[PDB]
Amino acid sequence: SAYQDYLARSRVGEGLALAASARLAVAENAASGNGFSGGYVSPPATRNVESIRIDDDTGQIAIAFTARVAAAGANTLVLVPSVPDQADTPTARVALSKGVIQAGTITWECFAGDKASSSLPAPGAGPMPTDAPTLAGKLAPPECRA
């Protein structure tokens, strides 16, 4: 129902905001050439957010929501970071490179479970999720959707 979607979307948006902590951790580790989950302490679990985790190799962030939001196994959103292949007049986007000093601006793309390709502006597509998200796009903000 439209009303049920409203409840879920509000809570999913809160989860995405709470994941700012992880986006900052990934950026700090990228700036120092460290594994991207290094030093990251996720905030307390809430009634709506079960966990926020960082992939140490790619910097992808997985947000798992509680059953208040979506069923188990259909409850995860993924945020994918990328950088331009070169800062000046890029021709493509590339996944983060573990161990490399990368202090430039990171672009994050949100993927819900039904989003089958990257949809970023110039310089083009970002990487796909490593672990696939499972949250239905209808429950997520529009830029996470197919």
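When you see a residue number, it is the position in the sequence shown, counting from 1.
Averaged over CA atoms, B-factors in the entry run higher in 131-139 than in the other of 131-139 and 16-24. The stretch with the higher mean CA B factor, choosing between 63-71 and 43-51, is 43-51. Comparing the listed residues 120, 92, 80, 77, the entry records the largest Cα B-factor for 92. The entry lists a Cα temperature factor for residue 109 that places it in the lowest third of the chain's modelled residues.
Residue 29: CA B factor in the lowest third of modelled residues in this chain (values from the PDB entry).
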